[PDB]
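Next up: a single chain in structure tokens, the form deposited without its partner chain.
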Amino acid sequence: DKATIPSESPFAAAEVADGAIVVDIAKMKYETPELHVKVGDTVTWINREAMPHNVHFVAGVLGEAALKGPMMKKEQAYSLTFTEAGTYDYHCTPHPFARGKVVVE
């Protein structure tokens, strides 16, 4: 895979690592729809609203299978550690109008 998953479960926003690279989700959108990170960086999404959201990378993007993240409730977080340079598009499973990408460089 081109990502590893610290926690299969969402976790609390206060449990996000110090100095984490955070993408907030609010207004049914990713607030940073294009994020550039380095190989080895961990990205953390944090849902800032009540409606549940996830991140979903279709098959072939981060690995052979789709990486369908867990649904995050308000003030829950989810992290992925990116291990290979490339451009990785994602969307929210129930809300596929909401799209983003991580560019790993």
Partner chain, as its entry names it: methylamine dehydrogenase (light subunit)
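Residue numbers count along the first chain shown, from 1.
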Taking the values straight from the PDB record, which of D18, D24, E84, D89 has the highest C-alpha temperature factor?
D18
Report the option among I46, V58, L80, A50 whose CA atom has the maximum B-factor in the deposited record.
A50
Could you place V103 in the lowest, middle or highest third of its chain by Cα temperature factor, using the values in the record?
lowest
By the record's CA B-factor, is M71 among the lowest, middle or highest third of residues in the chain?
middle
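Keep in mind that the form deposited with its partner chain bound is missing from the display, and what follows is about it.
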4.5 Å heavy atom contact, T93 and its partner chain in the deposited bound form:
yes
Taking its partner chain as it sits in the deposited bound form, is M51 in contact with it (heavy atom to heavy atom, 4.5 Å or less)?
yes
According to a 4.5 angstroms non-hydrogen atom cut-off, is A65 in contact with its partner chain in the deposited bound form?
no
